[PDB]
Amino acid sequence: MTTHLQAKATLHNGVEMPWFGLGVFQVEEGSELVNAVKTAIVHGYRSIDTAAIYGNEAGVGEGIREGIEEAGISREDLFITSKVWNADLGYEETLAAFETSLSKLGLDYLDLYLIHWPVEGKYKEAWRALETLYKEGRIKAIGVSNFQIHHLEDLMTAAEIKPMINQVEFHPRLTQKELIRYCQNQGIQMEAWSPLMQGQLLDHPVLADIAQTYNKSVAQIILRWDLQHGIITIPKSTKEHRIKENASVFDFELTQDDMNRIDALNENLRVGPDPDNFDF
């Protein structure tokens, strides 16, 4: 369980993945990016999550490089995640895109590689490419992002390997109860993209009350709540003080009452794109 920054979940194939990691986001590239990734690693993060649609894997690659050397660790102590973008879903296309991603990140293998979206008519051939790459020992774990129950059901009529991760929007106003249950029952590990959702709750009175009783920020208590729900969490940030502070989530625990107070905030409000109704 979620006792320290370098605590790991075990995926269904035995792979240890950090409960807590750094989300990379549409930044920029170079100076600020590179420093954010380095800063997080040196501080003690051991999971970095990116996507090719970013367009910043080269920045991530260098940030990993200097992170590694200044922390005095190995590439192998880190857990790196990338994703195939929609435009690149398909068998050969996805094989090619994985190689592209590996080059830019400066890596010989990924720890986890995800399908970014359930693009109807393309994601099954994409999955087959993930399975091949998995079977070849090129990726430690393989999974999926933004899949609904019915997408996972449909995937598993023809899949030889079951997804190990389902990386999803998840926060107090979108608590995803049915999907989380379904996934836990399948052995598919939940991960939250954008757990803090651009700071959207950071004035909420329930959460401000809870934050205050613990002498924590709202962000800190949200992130702890992700963790006590058993969901892997990857908050985005580029600001050093923020990167450090978001990880300070292990000096306390939320009671079952605090957890029910935050769960009660569910509104079924999706802030990101609808997995059943998207066009990109």
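Residue numbers here begin at 1 and follow the sequence given.
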Averaging the C-alpha B factors as listed in the entry, name the stretch that ends up higher: 20-28 or 263-271. 20-28
Which of 167-175 and 131-139 has higher mean CA B factor, as the PDB entry lists it: 131-139
Lowest, middle or highest third of the chain for the C-alpha temperature factor of residue 69? highest
Rank-wise, by C-alpha B-factor, drop residue 145 into the lowest, middle or highest third of its chain. middle
Ranking every modelled residue in this chain by its Cα temperature factor as given in the entry, which third contains residue 205? lowest
Residue 106 - which third its CA temperature factor falls in, relative to the rest of the chain: middle
Chain-wide C-alpha B factor ranking for residue 92, given as lowest, middle or highest third: middle
